[PDB]
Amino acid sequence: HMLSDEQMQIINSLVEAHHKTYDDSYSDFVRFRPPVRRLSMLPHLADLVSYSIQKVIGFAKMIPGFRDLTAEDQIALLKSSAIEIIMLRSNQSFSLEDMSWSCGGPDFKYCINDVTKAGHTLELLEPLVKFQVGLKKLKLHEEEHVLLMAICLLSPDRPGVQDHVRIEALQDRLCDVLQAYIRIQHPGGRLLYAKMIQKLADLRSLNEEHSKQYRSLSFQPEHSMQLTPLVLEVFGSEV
């Protein structure tokens, strides 16, 4: 059995979309407020997260079917999944060696420690690293990693979503491609698909935990003033 001309074209678009929105050299990071090791890392990570939102948005607009949803549903989907897509795409810079995100020399090597100088506790940063390690081990192909991001972004179960039947349909078609692709092109991945869907569940927990921490942060103006307009909007609840 094999993939259809349809599923194949979906993959082409997603992989191209990703390449178009993710620089493996992280050259743009020099434009962020420099890191510093009262939350000395907040200005840098805020800029990093903000830069990522923009990237996740560019990627989403190229997810086939997404541009056709209502503006409102597009926003509802982006708002609730943004933090998860960031965690997923960051796997690409996560090194199991140093248990950190290597995005450059010393300055752009993000260690668990740094995120703490940004308003987050270690008891909560632990599941994140645990997630990154598990995800890294799945040794996903670019096609599976790019599909996993689209699947996550099209979850019908997000607050604020309207046409949850149409989002439901789009996601299923994507889940099919991932399932078919894994079977056809992935030697040894008979149980991979089920592992990937389990990552979606973990992201939910990580998402909920981030909301709580971010909430505290956003109620303190001395801190929220350090965020960027876009982060305040995506993570804000003015929805």
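In this text, the rigid core denotes the largest set of C-alpha atoms whose superposition between the two forms falls within 1.5 Å. The numbering used is simple: start at 1 and walk along the sequence shown.
Greater C-alpha displacement in 9 other deposited structures of this protein (rigid core superposition, RMS over structures and residues), of 100-108 versus 125-133: 100-108. Once the rigid core is used to overlay the structures in 9 other deposited structures of this protein, the stretch among 149-157 and 115-123 whose CA atoms lie farther from this form is 115-123.
Unmodelled residues of the deposited sequence between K61 and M62: none, the chain being continuous. Of the two segments examined, 95-103 and 135-143, it is 95-103 that shows the higher average Cα temperature factor in the deposited entry. Averaged over CA atoms, B-factors in the entry run higher in 106-114 than in the other of 79-87 and 106-114. When the C-alpha B-factors of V30, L192, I57, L45 are read from the PDB record, the largest value belongs to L192. When the modelled residues of the chain are ordered by their C-alpha B factor, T121 lands in the highest third. In the deposited entry, the Cα temperature factor of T70 places it in the middle third of its chain's modelled residues. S50: CA B factor lies in the lowest third for its chain, per the PDB record. Placement of the Cα temperature factor of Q213 within the chain: middle third of the modelled residues, per the deposited record. For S205, the recorded CA B-factor ranks within the middle third of the chain. Only modelled residues enter the ranking.
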